[PDB]
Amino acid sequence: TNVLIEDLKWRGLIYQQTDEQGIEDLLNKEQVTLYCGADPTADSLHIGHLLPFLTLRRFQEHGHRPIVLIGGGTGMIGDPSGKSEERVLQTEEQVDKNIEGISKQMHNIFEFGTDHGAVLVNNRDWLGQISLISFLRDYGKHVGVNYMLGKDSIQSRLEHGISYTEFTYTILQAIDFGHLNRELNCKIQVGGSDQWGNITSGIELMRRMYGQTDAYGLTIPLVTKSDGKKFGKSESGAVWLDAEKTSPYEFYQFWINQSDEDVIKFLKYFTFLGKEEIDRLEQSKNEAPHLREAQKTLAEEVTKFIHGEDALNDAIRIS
């Protein structure tokens, strides 16, 4: 008992939390249904999107039920979290195709189709049925302009030009939690630091709309390189999870090129090894460095999980 929460802590997968007791107690006392979402604004994800999802798997292992949410509806708008300029809105077509690429990739990381395992939902399924008058009276009435204002993620765009569309996004992600909380009994939402605004926007709606249903929110750290240069984007560009964009070999290199300063942490972040296994690697790392042992294992271990062992080999095959 208390094993999962301890692991997430040892590996450092936790940054922010709405209620630390409530969560610990919940994660101990029962089986949680939690969810993380992705707006389809690319037909592929890059390594910068992996940690939060990988982390839903971790929750699954201990017997919880994950929800991968795909934003058909919200991806039509644009999430302004962490932004400076207007996210130009794309066509009902570009979304439709992106959603096709991304949805594919979630299927390689989770096992959909079981009777009670991982679920994959699309928010357009419910936001597409809600109207302007229906929205303003059923949900909008329960959101305060003062709460929304001052919210961290708004100031950024507040000083420049935040449209009503871009401004109205959180309420859109606040209804998803409420819906999902209601229909699939979703009690926790995981996301990265940028989502802290939209996560809490949701717990509060639920609270005012109808007594918060043991709903909680927690965030995952920002993958930081030791030299402060942004992780994931080299120069050629982002390291995509699609072989047609970043070959498994190019994908395998990225990893092996990791610095000793952050190789072990990357190991705790992206691989399902184990304390003594990871400590095994730590010792050899800081003792026979020329062996690049820890980089080697991370590379292989994360390339198997994404491109199958069969490409992992074709991740060394060319010379």
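In this text, residue numbers run from 1 along the sequence as written.
Two stretches are in play, 285 to 293 and 249 to 257, and the higher mean C-alpha B-factor belongs to 285 to 293.
Comparing 133 to 141 with 205 to 213, the stretch with the higher mean C-alpha B-factor in the PDB entry is 205 to 213. Comparing the C-alpha B-factors of 118, 220, 238, 109 in the entry, the top value falls on 238. Within the group 146, 123, 181, 173, the record's highest C-alpha temperature factor is found at 146. Residue 62: CA B factor in the lowest third of modelled residues in this chain (values from the PDB entry). Compared with the other modelled residues of the chain, the Cα B-factor recorded for residue 309 ranks in the highest third. Ranked against the other modelled residues of its chain, the C-alpha B-factor of residue 102 as given in the entry falls in the middle third. Among the modelled residues of its chain, residue 42 has a C-alpha B-factor that falls in the highest third, as given in the PDB entry. In the PDB entry, residue 316 places in the highest third of its chain by CA B-factor.
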